[PDB]
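These notes are about the structure you will find just below.
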Amino acid sequence: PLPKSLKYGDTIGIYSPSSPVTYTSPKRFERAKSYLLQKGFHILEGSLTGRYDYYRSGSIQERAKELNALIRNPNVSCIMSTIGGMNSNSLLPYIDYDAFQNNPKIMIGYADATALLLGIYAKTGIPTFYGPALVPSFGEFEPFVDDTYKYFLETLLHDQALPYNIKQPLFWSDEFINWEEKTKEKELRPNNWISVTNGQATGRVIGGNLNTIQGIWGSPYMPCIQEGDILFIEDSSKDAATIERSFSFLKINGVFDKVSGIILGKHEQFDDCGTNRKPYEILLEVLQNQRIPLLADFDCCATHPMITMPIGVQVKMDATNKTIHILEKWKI
Amino acid sequence: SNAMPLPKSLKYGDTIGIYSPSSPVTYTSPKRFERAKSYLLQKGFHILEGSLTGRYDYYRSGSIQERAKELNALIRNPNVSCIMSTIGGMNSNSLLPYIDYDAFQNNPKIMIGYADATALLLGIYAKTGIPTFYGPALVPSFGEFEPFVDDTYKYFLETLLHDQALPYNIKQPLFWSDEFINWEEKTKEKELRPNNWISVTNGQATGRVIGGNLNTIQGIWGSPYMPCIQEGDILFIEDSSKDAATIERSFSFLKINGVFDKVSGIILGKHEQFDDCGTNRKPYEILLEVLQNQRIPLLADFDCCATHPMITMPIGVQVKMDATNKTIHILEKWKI
Ligand SMILES: Nc1ncnc2c1ncn2[C@@H]1O[C@H](COS(=O)(=O)NC(=O)[C@@H](N)CC(=O)O)[C@@H](O)[C@H]1O
Ligand SMILES: Nc1ncnc2c1ncn2[C@@H]1O[C@H](COS(=O)(=O)NC(=O)[C@@H](N)CC(=O)O)[C@@H](O)[C@H]1O
């Protein structure tokens, strides 16, 4: 069971499972919609679009209803979060997994939406996509939005012969500017994926936003991590203390006794608490010299631009030579 | 309900060993640290300062291995009767693979603290079956100025040192505060707010109490260091200094894990400095939305959290909670 590839003229349904961004950042929201409309995709606005309930878009029931309406709509080919926040996991008991399994669609987003991407995969076995959310990703100004868009097409729309090589972008940024309105150009940071621990691994890739995983761990909505899986994790806009807790959470759960390799995303606006340590160095301390191939600063996180990564399919990573290939089909 | 290994009661003149499993508070808040030690020394206890006392590694007291060594030296020391965290932070869970649980099992002690120290309290209980205590940490709890420190000390003594007939009634404190003042130095008196517990959903429950700091539980969940929640348990949870979005996440985390299908009742701590995000909702109101149509007896604003004063609560022993009448009784021995 796999979702159909996106096509020009398709409808993308958008929903707000957590923060009410369509109310609080209307300019970036409108820009994001226009960007995709111009590319050739229709936008179906979920029922909580424009609504405000302070830290969230609406009640648990209303958010589940918003998403379920899109799941059940045969005219929708792709379901995309508007943004994350903290509260997507509240929806999980109430989602119509059977409707999704009977008519698979592309489910895409990142950050807090991890709860839903992993929950849908766990319940249905259908691959989901760690990738753009409407407002942060497609509301981005030039130049980075165009790079994110190229990666979006590469994974969801283009015919891709396997293995599918995921290529490193030339430049990136995590600069905290140009949210609603553009005031200057973001700096172009020359890119590098980091060969932290050499080696190669092949296996099913599982993961997403690590902070968010801790809100679903142990539940029926968290796919079981199996011996030989590849772990993909990122955090964004946290600090050294928080990520040490999260890395140790994985360690004490035996995750590093099972996975064959680790892909670690860049950490947007990382606060190192004065230590001058990088996120991978904190992970290395937690690993205590266990030799697991580890490739870091992967561009699939809150930094721009963003790759669209299938979750739940076989991948091969090479931490030595800094490559990632998708080995198993993820769409029709 | 067979008799089981229990730690020995605290006695006057006992040595309390202190360690810093996360934040380096003994370096960054020296006045409150000195005041806290001085408070317990005046009551006639001795303080053995762990090896990371006074040390500084930014967000933590030292490396993972340095912090495990610090705690293990106290665990292995037969002259220590009580092991108390200086403060929490975020990183206690890093220590868990490296703790000498065998040595603890061989010579049990009172293990006490709160907040991030939940990782260790629950880890020790999960690995050894010895009850541990959600209660004072040295600097936040015993560095508090009068009057609240005396109430916290009263509860500590009554639970850990005094003989208690069972069932043991946990008395409601008469006053409380969560004011963000008087940390290192006193500038005014904290308001003495008249206290109440809240009967959120009526009813009674009896069972083993399991829990602690909910945010911290998410850093150990699923591991050998989290005790399994069983049918009929009473869930004790608190969060401190968080916001509505964060606690909804944490309550839903419990829900989707089936915790509310198992527990017979819930005790919710006060929420120090809660940020309601403009909603004007109370933490229990958010929890009740997560509970949806499921009725569970619930007693809220319990004084076992970051607000002052603090009760000392044994974890892993049977309790009766009466949410209707706002009582908590401990039903099984927690020390000998
Ligand atoms: N007001 C604003 N201004 C500028 N940038 C913003 C913004 N709001 C969002 N962004 C940007 O959009 C990204 C995604 O936002 S997010 O709400 O979905 N985040 C999460 O769900 C995880 N934190 C969940 C977790 O950490 O557990 C942020 O990292 C910023 O880059
Ligand atoms: N610098 C300071 N100034 C004033 N009060 C302070 C303080 N530092 C601490 N406090 C007080 O001491 C309490 C406990 O701090 S703590 O580091 O142990 N917290 C935790 O481990 C959890 N947050 C882990 C989690 O939520 O995941 C705080 O709530 C304050 O009331």
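Which numbered condition trips up residue B:170, out of (1) touching a strand residue (DSSP E or B) at 6+ places or on another chain (Cβ under 8 Å); (2) within 14 Å of another protein chain (Cβ to nearest Cβ)?
Evaluating residue B:170 over (1) touching a strand residue (DSSP E or B) at 6+ places or on another chain (Cβ under 8 Å); (2) within 14 Å of another protein chain (Cβ to nearest Cβ) leaves (2) as the failure.
A quick yes/no check of all residues on (1) touching a residue at least 24 places away in the same chain (Cβ under 8 Å); (2) under 30 Å from residue B:289 (Cβ atoms); (3) not assigned by CATH to the domain that holds residue B:104:
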{"site": "B:126", "(1), (2), (3)": "yes, no, no"}
{"site": "B:155", "(1), (2), (3)": "yes, no, no"}
{"site": "B:180", "(1), (2), (3)": "yes, yes, yes"}
{"site": "B:188", "(1), (2), (3)": "no, no, yes"}
{"site": "B:201", "(1), (2), (3)": "yes, yes, yes"}
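Of everything in the stretch A:236-258 that's more than 7 Å from chain B (Cβ to nearest Cβ) and either touching a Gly at 6+ places or on another chain (Cβ under 7 Å) or small (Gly, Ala, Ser) (or both), which residue is farthest from residue B:222 (Cα to Cα)?
By that ranking, first place goes to A:237.
Quick one: which of B:94, B:81 is farther than 17 Å from residue B:133 by Cβ and either of a type outside the set (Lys, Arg) or under 16 Å from the mean Cα position of the chain (by Cα) (or both)?
Numbers: B:81 fails: farther than 17 Å from residue B:133 by Cβ.
From the options B:94, B:81, the qualifying one is B:94.
Would you call residue B:130 more than 14 Å from every other protein chain (Cβ to nearest Cβ), within 12 Å of ligand 2 (Cβ to nearest atom) and not polar (S, T, N, Q)? Please lay out each step first, then the result.
Working: more than 14 Å from every other protein chain (Cβ to nearest Cβ): yes; within 12 Å of ligand 2 (Cβ to nearest atom): no; not polar (S, T, N, Q): yes.
When the stated conditions are applied, residue B:130 does not pass them.
State the number of residues belonging to the stretch B:267-280 that are at the interface with chain A (Cβ under 7 Å from one of its Cβ atoms) and either closer than 18 Å to residue A:222 by Cβ or in a strand (DSSP E or B) (or both). First the steps, then the outcome.
Here is the first cut: in the stretch B:267-280, the residues at the interface with chain A (Cβ under 7 Å from one of its Cβ atoms) are B:277-279.
Okay, now just the ones that are also either closer than 18 Å to residue A:222 by Cβ or in a strand (DSSP E or B) (or both), so none.
Residues that pass the stated criteria total 0.
Go through the stretch A:232-245 residue by residue and tally those that are over 20 Å from residue B:214 (Cα atoms) and either surrounded by fewer than 24 Cβ atoms within 10 Å (Cβ to Cβ) or within 16 Å of ligand 2 (Cβ to nearest atom) (or both).
At the first step, the residues of the stretch A:232-245 found to be over 20 Å from residue B:214 (Cα atoms) are A:232-237, A:240.
Filter once more, so that each one left must be either surrounded by fewer than 24 Cβ atoms within 10 Å (Cβ to Cβ) or within 16 Å of ligand 2 (Cβ to nearest atom) (or both): A:235-237, A:240.
Within the stretch A:232-245, residues that are over 20 Å from residue B:214 (Cα atoms) and either surrounded by fewer than 24 Cβ atoms within 10 Å (Cβ to Cβ) or within 16 Å of ligand 2 (Cβ to nearest atom) (or both) number 4.
Is it fair to say residue A:28 is part of a loop (DSSP other than H, G, I, E, B), farther than 27 Å from residue A:126 by Cα and touching a helix residue (DSSP H, G or I) at 6+ places or on another chain (Cβ under 8 Å)?
On the way: part of a loop (DSSP other than H, G, I, E, B): no; farther than 27 Å from residue A:126 by Cα: yes; touching a helix residue (DSSP H, G or I) at 6+ places or on another chain (Cβ under 8 Å): yes.
No; evaluated as a whole, the condition is false for this residue.
Quickly run through the stretch A:86-104 and pick out the residues that are surrounded by fewer than 22 Cβ atoms within 10 Å (Cβ to Cβ) and either of a type in the set (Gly, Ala, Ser) or more than 14 Å from every other protein chain (Cβ to nearest Cβ) (or both).
Taking the stretch A:86-104 first, the residues surrounded by fewer than 22 Cβ atoms within 10 Å (Cβ to Cβ) are A:93-99, A:101-104.
Those that are surrounded by fewer than 22 Cβ atoms within 10 Å (Cβ to Cβ) and either of a type in the set (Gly, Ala, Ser) or more than 14 Å from every other protein chain (Cβ to nearest Cβ) (or both): A:96, A:98, A:99, A:101, A:102, A:103, A:104.
Given B:277, B:305, which one is in the same structural domain as residue B:335 (by CATH) and under 14 Å from residue B:248 (Cβ atoms)? Let's see the steps before the verdict.
Working: B:305 fails: under 14 Å from residue B:248 (Cβ atoms).
Answer to the selection: B:277.
With the requirement that a residue be over 21 Å from the mean Cα position of the chain (by Cα) and either surrounded by 24 or more Cβ atoms within 10 Å (Cβ to Cβ) or closer than 16 Å to residue A:301 by Cα (or both), what does the stretch A:246-269 give you?
A:248, A:252
When you look at residue B:223, is it part of a loop (DSSP other than H, G, I, E, B) and away from ligand 2 (no atom under 15 Å from the Cβ), yes or no?
yes
What are the pairs, 6+ residues apart or on separate chains, where a residue within the stretch A:221-235 that is more than 14 Å from chain B (Cβ to nearest Cβ) and of a type outside the set (A, V, I, L, M, F, W, C) has its Cβ under 9 Å from a residue that is within 16 Å of ligand 2 (Cβ to nearest atom) and outside any loop (DSSP other than H, G, I, E, B)?
Taking only residues 6 or more apart or on different chains, the pairs are A:234/A:210.
How many residues, within the stretch A:193-220, are at the interface with chain B (Cβ under 9 Å from one of its Cβ atoms) and within 16 Å of the chain's Cα centre (by Cα)?
Restricting attention to the stretch A:193-220, the residues satisfying the condition of being at the interface with chain B (Cβ under 9 Å from one of its Cβ atoms) are A:212, A:214-220.
Pick out the ones that are also within 16 Å of the chain's Cα centre (by Cα) and you get A:212, A:214-216.
The qualifying residues number 4.
Suppose we filter A:295, A:283, A:264 for residues that are more than 11 Å from every other protein chain (Cβ to nearest Cβ), part of a helix (DSSP H, G or I) and either farther than 23 Å from residue A:172 by Cα or not acidic (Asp, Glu) (or both); which single one remains? Break it down stepwise before answering.
Details: A:295 fails: part of a helix (DSSP H, G or I); A:264 fails: part of a helix (DSSP H, G or I).
Among A:295, A:283, A:264, only A:283 is more than 11 Å from every other protein chain (Cβ to nearest Cβ), part of a helix (DSSP H, G or I) and either farther than 23 Å from residue A:172 by Cα or not acidic (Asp, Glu) (or both).
Looking at (1) within 14 Å of chain B (Cβ to nearest Cβ); (2) in a loop (DSSP other than H, G, I, E, B), which is the only condition residue A:73 fails?
So residue A:73 meets the others, but not (1).
Which of (1) away from ligand 2 (no atom under 16 Å from the Cβ); (2) away from chain A (no Cβ under 14 Å); (3) more than 25 Å from residue A:252 (Cα to Cα) does residue B:181 not meet, given it meets every other one?
(1)
One line per residue, one yes/no per condition, for (1) in contact (Cβ under 8 Å) with a residue 24 or more places away in the chain; (2) surrounded by fewer than 17 Cβ atoms within 10 Å (Cβ to Cβ); (3) assigned by CATH to the domain that holds residue A:145:
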site: A:2; (1), (2), (3): yes, yes, yes
site: A:12; (1), (2), (3): yes, no, yes
site: A:17; (1), (2), (3): yes, no, yes
site: A:22; (1), (2), (3): yes, no, yes
site: A:37; (1), (2), (3): no, yes, yes
site: A:46; (1), (2), (3): yes, no, yes
site: A:57; (1), (2), (3): yes, no, yes
site: A:60; (1), (2), (3): yes, no, yes
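Restricting to the stretch A:127-167, name every residue that is among the aliphatic types (A, V, I, L, M) and surrounded by fewer than 24 Cβ atoms within 10 Å (Cβ to Cβ).
Within the stretch A:127-167, A:145, A:153, A:157, A:161, A:162, A:166 meet the criteria.
Because the Cβ atoms are built from the backbone with ideal geometry, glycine has one as well, and the counts that use them run over all protein chains shown. The values are calculated or read from the model by the stated rules, or taken from the named source; none is laboratory data.
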